[PDB]
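The chain below stands alone and is given in structure tokens; this is the form deposited in one PDB entry.
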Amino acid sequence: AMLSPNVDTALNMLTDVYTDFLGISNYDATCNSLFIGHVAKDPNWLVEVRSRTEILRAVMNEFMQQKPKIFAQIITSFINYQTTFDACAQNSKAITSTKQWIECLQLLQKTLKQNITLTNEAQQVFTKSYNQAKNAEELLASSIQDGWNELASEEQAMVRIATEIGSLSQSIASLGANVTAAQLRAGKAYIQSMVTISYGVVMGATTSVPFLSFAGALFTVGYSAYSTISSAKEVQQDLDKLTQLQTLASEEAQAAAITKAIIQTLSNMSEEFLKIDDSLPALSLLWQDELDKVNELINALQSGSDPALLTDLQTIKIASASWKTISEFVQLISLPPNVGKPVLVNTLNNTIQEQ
């Protein structure tokens, strides 16, 4: 236990930070790109969904108003500590008085308390937005449930259409790249492209018309998003079975099934990126661990322990290398990601690029 965290541990946690904040931004983009058409006077349940999705849109836009500041603070926290820590580490043990060691280590103490405070405050932003999103998603679930209850005759047809839509989304998501610290460190470049699925519905069993459009981000390496989506057999298979399943249902029941599947996807991504993949709690405990070790060392040298026998000080120049490696990483993930050309998936069964 040096004055440093385990490096592999810290990088994987920073990778989670970097995928989570990317996920939040893309989720926000998904919320603000959601489009629902008309032709066919809106049923009551769709009037309700339009309003309640708008609330969810507002909740995530409010969070985005703070996300840049929150992300910047995380990056700065690691840049500031490594710089301060590197200044301590240079102290040649030969000519560095114990009073000097105490001084520079107390500057570490000051920064760590800063870092802990700003991390906890950011975590409160997450919990505020998470609870807001959950309440909004509960209103969405009620509306679509009431809509399905107005169509009990077609309930099992709607369940099948919704399931295939969830499967189709999963089949595309399963083509995404695995983002790890090892691969970011090794220079791998991840491409972030938005994939729009345009869900049509059949009118009077005769003509397909647009109903809803929904976009989400897909990460690839090397090849574009279109290259792998257009090449996946599972995707085209899911598209063909969805078309046949939509022939068993009213235009309105088709719409209610699409809407329920999209509501479920929105709810899972908020649960994912605003709570489960929220790594701020683990970030605070990292700083806390370091404060405990620095205060123990400060207490030790103040109270008369012999400095050259305290292992935290014997290894200070190795902990500095760890912090440098960590700071090199946060600067890497601070870059703008690479945006690829978007992909359109239309449920008249075609895959287009640049669209």
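In this text, the rigid core denotes the largest set of C-alpha atoms whose superposition between the two forms falls within 1.5 Å. Residue positions are given as counts along the sequence shown, with the first one as 1.
There is another form of this protein, the form deposited in another entry, and it is not shown here; the text below is about that form.
Quiz item: Which listed residue (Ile161, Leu274, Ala253, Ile262) has a Cα shift of at least 2 Å between the shown form and the other one, rigid core superposed?
Solution: It is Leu274.
Self-check item: Is_shifted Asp306 between the shown form and the other one (CA, 2 Å cut-off, rigid core)
Solution: Moves: yes, 2 Å or greater.
Quiz item: Hey, does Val17 budge by 2 Å or more at the Cα between the shown form and the other one once the core is superposed?
Solution: Comparing forms between the shown form and the other one, the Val17 CA shifts at least 2 Å.
Quiz item: Is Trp101 one of the residues whose Cα moves 2 Å or more between the shown form and the other one, with the core superposed?
Solution: Passes the 2 Å threshold, so yes.
Quiz item: So the Cα-Cα distance between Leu242 and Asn350 shifts by 3 Å or more in the other entry; is it shorter or longer than what we see here?
Solution: Note: Cα gap between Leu242 and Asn350 shrinks in the other entry.
Quiz item: Your call: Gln170 and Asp277 CA atoms, closer or farther in the other entry versus the shown structure, by 3 Å or more?
Solution: Those two alpha carbons end up farther apart in the other entry.
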